[PDB]
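Asks: Please read through the structure below; I'll follow up with questions.
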Amino acid sequence: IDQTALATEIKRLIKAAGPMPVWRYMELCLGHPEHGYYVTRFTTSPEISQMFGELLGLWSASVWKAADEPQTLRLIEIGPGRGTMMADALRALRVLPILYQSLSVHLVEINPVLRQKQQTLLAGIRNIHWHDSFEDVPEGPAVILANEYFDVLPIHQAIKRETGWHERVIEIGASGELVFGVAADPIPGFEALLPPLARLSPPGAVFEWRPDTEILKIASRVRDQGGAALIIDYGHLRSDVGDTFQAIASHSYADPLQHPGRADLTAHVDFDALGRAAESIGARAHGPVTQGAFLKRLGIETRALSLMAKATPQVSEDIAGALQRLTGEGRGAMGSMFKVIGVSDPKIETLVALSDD
Amino acid sequence: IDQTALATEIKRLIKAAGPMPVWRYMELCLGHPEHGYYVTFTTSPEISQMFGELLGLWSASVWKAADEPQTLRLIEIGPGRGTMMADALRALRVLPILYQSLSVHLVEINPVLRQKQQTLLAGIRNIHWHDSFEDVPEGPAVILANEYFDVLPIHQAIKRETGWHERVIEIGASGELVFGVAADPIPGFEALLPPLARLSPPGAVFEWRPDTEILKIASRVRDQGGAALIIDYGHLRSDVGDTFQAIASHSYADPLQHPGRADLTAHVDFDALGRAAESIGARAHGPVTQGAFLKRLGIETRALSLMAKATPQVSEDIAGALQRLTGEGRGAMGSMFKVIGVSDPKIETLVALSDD
């Protein structure tokens, strides 16, 4: 009677090991080797318009100059998807011969079939490599692009009670359906890791966080080898409270506890926490700013106008809508909800469109 | 250097008559004879045939609640392309007795828009067109008004220690249009203002629309029978806040930009709508969210039925349409759009609004 095959597995794991923390449930829903969302089955910015990849390609050129124009620049992308974003970025960079020949592309992709389509699309370009993990990428100054990477990492949640903060968990309800629950005992020194203000939250407040593992790795690399990383995702600028754990459907948001393994899950990225982690180990944070402000400062409006002027009526209309979806607000536009933050080698004092005020 | 011809006209009028009230600026941007917006596919009926079909079936429920009148006027205010009415009629066609009891009446002021509707429904008889709601012959009826109220000029006032001053449009330093405040307060504005809103701090914005249209609609059903269905973007309880915006194809925009070339809107106050109806003897039902309304009418089952028999692409189009109409997030309107019914006081409940 279980809604999905994974649901059956989860319920069994709960009866066997006890309440399952939210982060674990999200991890299983997305990565189960047999029933994960990714293992089994165009809204992203690069799929929406060629302009996204092109502009990040040109932003990468600005970083190259800020890094003293290294003869070898590693252009690393974490989670290339179909490889569309990289194709567009490379096409824009091809216009600058010197830099184009100083590039070495490194796409980190764990999935096989996903790695294959990426290989056929970029089959024509030389100096392109694939890696199972960020760690396998050769050393050297780099430009790291991470679009929607952090938003799909398992989210950890805790709820404020008289006794302190207890981890939020998943349990089995009366009808045998999955439900949200609260851990028996509070997390030891949780308050000691919370931003001062959040400590004064009233009962029932929900605090969300993710371990700093990934950001520390990315921040360590640029600090040690040079360059900068660009992180783009749905999130907020200041650490705060609130539950943002949701399933994402094609034209709306959905209940995260429904159809485990068959739904794409997400949670806001805390850009305040990302910046702090970067600074804690010596790397320099830039921004953060809204996606809309970032792209407009890079000249997306002028590029859009140029493409519209030379396009057929329908394509021109498609470009105009793409511009709004990428930089405006309302009706599902992501210009305000998506944010951008840069993390660089401390030697680099400013990054274009982020801290060049 | 003016963005449009209307912008120029607005400048002149401001220099000649003084600051222009927000409601007057919107009225001009939308209806100027030669420079208005309406004189120059995101609506629910254009998104799916299901919207019109379900309202057609809801209309049948009202017919039964009104004791099955032998003649039921089916009035639509602002039929757009006439798509919604074509879908409603197709669903009603399945019920012969009621279908023959229908007399369709579309209120359309625009000529070319009236023509498109005529071509689309040229095949059905007992269909009539009217310049205004007042031209429609008397008799029991079901009145359907989708997005009619959200495009009526919005009035705005700002709270100051000296009282509430009407919000107006002025000319800035660079000759651009800007928001301003009237010099003197509105006389007895605090009266007839929701008690709570009266305690608003300075800078609070209150929005309202005269009750002319809703009073005409409400007295009609009170006097002749039937009910009206009003669907629009809005809120359930009177409150404060500026919601005056221009509507673009994939986002919202600055209302003071390109006057006459942008579709303008403001939240409909469903609380005020209900109060006006009740103030003259009519009965308000609901209001509820569009999402809850359509789900209660069985939209999920109809959608499933349609996708089971459709090609892969059409099936996908139906699934997305269901979300846009009933869910929330990513631009879905199931939560932001609300629905309210207003009926002959004799009708005590309306399906999906006050039956639960």
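For the structure tokens, the naming scheme is as follows: chains receive sequential letters (A, B, ...) according to their order of presentation, residues are indexed from 1 within each chain, and ligands are indexed from 1 in presentation order.
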Give me, as a PyMOL selection string, all polymer residues having an atom no more than 7 Å from residue 35 (chain A), counting only C-alpha atoms and skipping those fewer than 2 positions away in the same chain.

Replies: chain A and resi 5-6+32-33+37+39-40+261

Asks: Okay, now the selection with N, CA and C atoms, as an mmCIF file, in the first residue's frame?

Replies:
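The result, written out as selection15.cif:
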data_model
loop_
_atom_site.group_PDB
_atom_site.id
_atom_site.type_symbol
_atom_site.label_atom_id
_atom_site.label_comp_id
_atom_site.auth_asym_id
_atom_site.auth_seq_id
_atom_site.Cartn_x
_atom_site.Cartn_y
_atom_site.Cartn_z
ATOM 1 N N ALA A 5 8.175 2.538 -3.783
ATOM 2 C CA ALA A 5 9.054 1.468 -3.337
ATOM 3 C C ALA A 5 9.975 1.962 -2.224
ATOM 4 N N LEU A 6 10.451 3.197 -2.356
ATOM 5 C CA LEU A 6 11.339 3.779 -1.353
ATOM 6 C C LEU A 6 10.596 4.013 -0.039
ATOM 7 N N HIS A 32 19.105 7.193 -3.198
ATOM 8 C CA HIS A 32 19.041 5.744 -3.051
ATOM 9 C C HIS A 32 19.484 5.086 -4.364
ATOM 10 N N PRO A 33 20.547 4.261 -4.314
ATOM 11 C CA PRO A 33 21.101 3.560 -5.480
ATOM 12 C C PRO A 33 20.083 2.831 -6.351
ATOM 13 N N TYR A 37 15.743 9.633 -6.457
ATOM 14 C CA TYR A 37 15.148 10.487 -7.480
ATOM 15 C C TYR A 37 16.052 10.608 -8.700
ATOM 16 N N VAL A 39 18.683 8.415 -9.483
ATOM 17 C CA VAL A 39 18.931 7.097 -10.057
ATOM 18 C C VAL A 39 17.815 6.745 -11.035
ATOM 19 N N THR A 40 16.615 7.235 -10.751
ATOM 20 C CA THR A 40 15.464 6.975 -11.605
ATOM 21 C C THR A 40 14.732 8.276 -11.910
ATOM 22 N N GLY A 261 11.212 9.489 -3.340
ATOM 23 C CA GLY A 261 11.982 8.917 -4.429
ATOM 24 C C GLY A 261 11.516 9.313 -5.820
#

Asks: What's around residue 258 (chain A) at 12 Å? Count only C-alpha atoms, leave out sequence neighbours fewer than 3 positions away in its own chain, and write the answer as a PyMOL selection string.

Replies: chain A and resi 2-4+6-7+25-26+29+177-179+246-249+253-255+261-265

Asks: Take the residues just selected and output them with N, CA, C and O atoms as a compact mmCIF listing (two decimals), in the first residue's frame.

Replies:
# COMPACT_ATOMS: atom_id res chain seq x y z
N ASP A 2 2.16 1.09 0.26
CA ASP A 2 3.08 2.21 0.29
C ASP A 2 3.13 2.96 -1.04
O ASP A 2 3.27 2.36 -2.11
N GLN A 3 3.02 4.28 -0.96
CA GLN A 3 3.02 5.17 -2.12
C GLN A 3 4.12 4.87 -3.15
O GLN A 3 3.89 5.00 -4.35
N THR A 4 5.30 4.48 -2.68
CA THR A 4 6.41 4.16 -3.57
C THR A 4 7.25 3.05 -2.98
O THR A 4 7.07 2.67 -1.83
N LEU A 6 10.45 3.20 -2.36
CA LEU A 6 11.34 3.78 -1.35
C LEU A 6 10.60 4.01 -0.04
O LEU A 6 11.17 3.87 1.04
N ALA A 7 9.33 4.39 -0.14
CA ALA A 7 8.51 4.63 1.04
C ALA A 7 8.52 3.39 1.93
O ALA A 7 8.63 3.48 3.15
N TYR A 25 16.28 11.42 5.46
CA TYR A 25 15.16 11.15 4.58
C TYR A 25 15.36 11.81 3.21
O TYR A 25 15.07 11.20 2.17
N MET A 26 15.85 13.05 3.21
CA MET A 26 16.07 13.76 1.95
C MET A 26 17.19 13.07 1.17
O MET A 26 17.12 12.93 -0.06
N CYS A 29 15.74 9.91 -0.36
CA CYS A 29 14.80 10.25 -1.43
C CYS A 29 15.52 10.64 -2.71
O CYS A 29 15.03 10.37 -3.80
N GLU A 177 1.17 6.65 7.32
CA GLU A 177 1.79 7.61 6.42
C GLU A 177 2.95 8.31 7.13
O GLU A 177 2.98 8.38 8.35
N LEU A 178 3.89 8.84 6.35
CA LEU A 178 5.05 9.54 6.91
C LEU A 178 4.64 10.89 7.47
O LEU A 178 3.84 11.60 6.88
N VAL A 179 5.19 11.24 8.63
CA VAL A 179 4.87 12.51 9.26
C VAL A 179 6.10 13.11 9.92
O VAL A 179 7.08 12.40 10.17
N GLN A 246 10.83 21.60 0.80
CA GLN A 246 9.71 21.32 -0.10
C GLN A 246 10.09 20.47 -1.31
O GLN A 246 11.25 20.42 -1.70
N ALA A 247 9.09 19.82 -1.89
CA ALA A 247 9.30 19.02 -3.09
C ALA A 247 9.01 20.02 -4.21
O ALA A 247 8.21 20.93 -4.03
N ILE A 248 9.68 19.86 -5.35
CA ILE A 248 9.47 20.77 -6.46
C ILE A 248 8.82 20.07 -7.64
O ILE A 248 9.39 19.14 -8.21
N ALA A 249 7.63 20.53 -8.01
CA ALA A 249 6.91 19.95 -9.15
C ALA A 249 7.18 20.84 -10.38
O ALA A 249 7.82 21.88 -10.27
N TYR A 253 4.99 23.97 -6.05
CA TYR A 253 5.73 23.31 -4.98
C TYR A 253 4.81 22.24 -4.43
O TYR A 253 3.59 22.34 -4.57
N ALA A 254 5.38 21.20 -3.81
CA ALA A 254 4.57 20.12 -3.27
C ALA A 254 5.01 19.69 -1.87
O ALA A 254 6.01 20.17 -1.35
N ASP A 255 4.24 18.78 -1.29
CA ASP A 255 4.51 18.25 0.05
C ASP A 255 5.73 17.33 -0.06
O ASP A 255 5.73 16.38 -0.84
N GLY A 261 11.21 9.49 -3.34
CA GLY A 261 11.98 8.92 -4.43
C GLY A 261 11.52 9.31 -5.82
O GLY A 261 12.24 9.12 -6.79
N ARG A 262 10.31 9.87 -5.92
CA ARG A 262 9.78 10.29 -7.21
C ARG A 262 9.62 11.80 -7.29
O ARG A 262 9.05 12.33 -8.25
N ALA A 263 10.13 12.51 -6.29
CA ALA A 263 10.01 13.96 -6.28
C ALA A 263 11.34 14.63 -6.02
O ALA A 263 12.16 14.15 -5.23
N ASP A 264 11.56 15.75 -6.70
CA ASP A 264 12.78 16.53 -6.54
C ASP A 264 12.58 17.35 -5.27
O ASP A 264 11.57 18.04 -5.13
N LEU A 265 13.51 17.25 -4.33
CA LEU A 265 13.40 17.96 -3.05
C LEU A 265 14.41 19.09 -2.92
O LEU A 265 15.50 19.02 -3.48

Asks: Please return, as a list in words, all residues of chain B lying within 9 Å of chain A when only C-alpha atoms are considered.

Replies: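 Using only C-alpha atoms, chain B residues at most 9 Å from chain A: residues 248, 249, 250, 251, 252, 253, 319, 320, 321, 322, 323, 324, 327, 328, 329, 330, 331, 332 and 333 of chain B.
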
Asks: Which residues, written as a ChimeraX atom specification, have at least one atom at most 9 Å from residue 227 (chain A), with only C-alpha atoms counted and residues fewer than 2 positions away on the same chain left out?

Replies: /A:63-64,66-67,73-74,140-144,221-223,225,229,343-345,348

Asks: Would you put the residues from that selection into a file with C-alpha atoms, as a tab-separated table (two decimals), in the first residue's frame?

Replies:
chain	number	residue	atom	x	y	z
A	63	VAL	CA	38.26	36.49	-12.74
A	64	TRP	CA	41.10	35.35	-15.00
A	66	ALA	CA	41.87	39.36	-11.32
A	67	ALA	CA	43.97	36.21	-10.84
A	73	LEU	CA	42.99	28.24	-15.90
A	74	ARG	CA	40.88	25.35	-14.66
A	140	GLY	CA	45.95	25.10	-10.38
A	141	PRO	CA	44.15	28.50	-10.44
A	142	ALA	CA	40.46	28.03	-11.22
A	143	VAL	CA	36.97	29.39	-11.83
A	144	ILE	CA	34.41	27.14	-10.15
A	221	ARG	CA	40.88	24.97	-3.10
A	222	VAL	CA	40.65	28.62	-4.26
A	223	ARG	CA	42.42	29.81	-1.10
A	225	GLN	CA	45.43	27.26	-5.57
A	229	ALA	CA	33.96	30.06	-7.07
A	343	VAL	CA	34.31	32.98	-2.73
A	344	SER	CA	37.90	33.65	-3.68
A	345	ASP	CA	41.59	33.52	-3.03
A	348	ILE	CA	41.55	38.83	-4.92

Asks: Env of region 132-139 of chain B: 8 Å cut, atoms = only C-alpha atoms, seq-sep filter 5 positions within chain, self excluded. Answer as a ChimeraX atom specification.

Replies: /B:71-73,77,105,107-109,224-225

Asks: Could you name the residues that touch residue 91 (chain B) at 8 Å or less, counting only C-alpha atoms, but leaving out those on the same chain fewer than 4 positions away, as JSON, numbers by chain?

Replies: {"B": [53, 54, 56, 57, 87]}

Asks: Using DSSP on the backbone, list every residue of region 93-194 of chain A that comes out as helix (DSSP H, G or I), and give them as a ChimeraX atom specification.

Replies: /A:93,97-100,112-121,134-136,150-152,191-193

Asks: When distances are computed from only C-alpha atoms, which of B:7, B:347, B:143, B:290 shows the smallest separation from residue 74 (chain B)?

Replies: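 Going through B:7, B:347, B:143, B:290 one by one, the smallest distance to residue 74 (chain B) is for B:143.
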
Asks: Grab the CA of residue 49 (chain A) to CA of residue 80 (chain A) distance for me, in Å with one decimal place.

Replies: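 Distance between the two atoms: 15.2 Å.
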
Asks: Need to verify the contact set: region 200-211 of chain B, 8 Å, only C-alpha atoms, exclusion of same-chain residues closer than 5 positions in sequence. Can you return it as a list in words?

Replies: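 Answer for this query is residues 152, 153, 154, 155, 156, 157, 158, 159, 160, 161, 239, 240, 241, 242, 269, 273 and 276 of chain B.
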
Asks: Got time to write the residues from that selection, N, CA and C atoms, as a short mmCIF file (atom, residue, chain, number, x, y, z; two decimals), in the first residue's frame?

Replies:
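The result, written out as again-v6.cif:
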data_model
loop_
_atom_site.label_atom_id
_atom_site.label_comp_id
_atom_site.auth_asym_id
_atom_site.auth_seq_id
_atom_site.Cartn_x
_atom_site.Cartn_y
_atom_site.Cartn_z
N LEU B 152 -10.34 47.26 -12.47
CA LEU B 152 -11.07 48.51 -12.22
C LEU B 152 -10.09 49.41 -11.46
N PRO B 153 -10.09 50.73 -11.74
CA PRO B 153 -9.18 51.67 -11.07
C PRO B 153 -9.14 51.53 -9.54
N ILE B 154 -7.93 51.44 -9.00
CA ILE B 154 -7.73 51.31 -7.56
C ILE B 154 -7.54 52.68 -6.91
N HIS B 155 -8.18 52.91 -5.76
CA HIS B 155 -8.02 54.17 -5.02
C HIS B 155 -7.09 53.88 -3.85
N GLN B 156 -6.18 54.80 -3.54
CA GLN B 156 -5.23 54.60 -2.46
C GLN B 156 -5.10 55.82 -1.55
N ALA B 157 -4.89 55.57 -0.26
CA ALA B 157 -4.72 56.65 0.72
C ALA B 157 -3.58 56.30 1.65
N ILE B 158 -2.84 57.31 2.11
CA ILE B 158 -1.70 57.12 3.00
C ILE B 158 -1.97 57.73 4.38
N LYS B 159 -1.66 56.98 5.43
CA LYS B 159 -1.88 57.45 6.79
C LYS B 159 -0.84 58.46 7.27
N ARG B 160 -1.33 59.60 7.75
CA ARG B 160 -0.47 60.65 8.29
C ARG B 160 -1.09 61.08 9.62
N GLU B 161 -0.31 61.70 10.49
CA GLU B 161 -0.84 62.12 11.78
C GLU B 161 -2.03 63.06 11.63
N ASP B 239 -7.19 44.95 4.78
CA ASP B 239 -5.93 45.20 5.46
C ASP B 239 -5.18 46.29 4.71
N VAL B 240 -3.94 46.55 5.09
CA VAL B 240 -3.16 47.59 4.43
C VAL B 240 -2.06 47.04 3.53
N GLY B 241 -1.53 47.91 2.67
CA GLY B 241 -0.46 47.51 1.77
C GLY B 241 -0.72 47.91 0.33
N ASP B 242 0.34 48.33 -0.35
CA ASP B 242 0.27 48.73 -1.74
C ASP B 242 0.41 47.50 -2.64
N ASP B 269 -10.32 43.41 -2.90
CA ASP B 269 -10.60 43.22 -1.47
C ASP B 269 -11.91 42.40 -1.39
N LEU B 273 -15.99 43.34 -0.86
CA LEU B 273 -16.96 42.86 -1.84
C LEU B 273 -18.13 42.20 -1.10
N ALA B 276 -20.31 44.82 0.86
CA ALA B 276 -21.18 45.60 -0.02
C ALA B 276 -22.41 44.78 -0.40
#
